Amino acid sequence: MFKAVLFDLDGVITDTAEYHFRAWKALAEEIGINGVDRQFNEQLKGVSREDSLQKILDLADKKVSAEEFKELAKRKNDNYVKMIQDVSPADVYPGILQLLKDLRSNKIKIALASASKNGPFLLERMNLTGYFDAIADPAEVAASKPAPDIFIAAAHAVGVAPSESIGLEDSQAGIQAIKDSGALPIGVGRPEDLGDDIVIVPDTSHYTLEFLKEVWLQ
């Protein structure tokens, strides 16, 4: 049986992928780049703060100074941090709280594999911190999503091999990161965004321990 579940946060635990999108789109438009629509944003989900900004600059073949780059990433983060202040337990996605409880009752480890430096603050906003056996610090890994390092680190922090773990993700980058870690991915979202080659569920209510077992058994 699997021995750990490795959680993405944004778009899996709560709807903060929407806030990252809105914030990045606002930033892009401030600098005259209009191409960050929902379709483009599928390329940004799961991607680090700096890599996200660089993808937006590349979309436009735009070059900025190092000083401006740093200011822009900070500007987006300051806006995003203001957006999430009122996140509460009521914003936890359906199924997720019960899943955490069920996992703990069945002695399955719980680790956060989020790229977001805002992850710990968000788990505290949602009263979820006490469910987690570990939070992998995204500043400690040498390579960010789609590299597998953060999933590998999450699994290590809880003493479980990646091959005996399930990863939950809403993003193309993150699904690839789970694949290359050796964990089993279960995606949440549209198959047209996330692919036809892994198990995908349409919403997080589908993330029950019963289903994770159903999937693990094959």
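Heads up, when I say rigid core I mean the largest set of C-alphas that superpose within 1.5 Å between the two forms. Quick note: we count residues from 1 along the sequence shown, nothing fancier.
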Rigid core fitted first, then name the stretch among 6 to 14 and 191 to 199 whose C-alphas deviate most from the displayed form in 6 other deposited structures of this protein. 191 to 199
Could you check whether 75 to 83 or 116 to 124 drifts more from the shown form in 6 other deposited structures of this protein, using RMS Cα distance once the core is superposed? 75 to 83
Mind pulling up the entry and telling me whether 107 to 115 or 134 to 142 has the higher mean Cα temperature factor? 134 to 142
Quick one: higher average CA temperature factor, 16 to 24 or 192 to 200? 192 to 200
With respect to C-alpha B-factor, does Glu67 fall in the lowest, middle or highest third of the chain as deposited? highest
How does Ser165 rank on Cα B-factor within its chain, lowest, middle or highest third? middle
Could you place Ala4 in the lowest, middle or highest third of its chain by Cα temperature factor, using the values in the record? middle
If you rank every modelled residue in this chain by C-alpha B factor, which third holds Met126: lowest, middle or highest? lowest
Is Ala147 in the lowest, middle or highest third of its chain when residues are ranked by C-alpha B-factor? highest
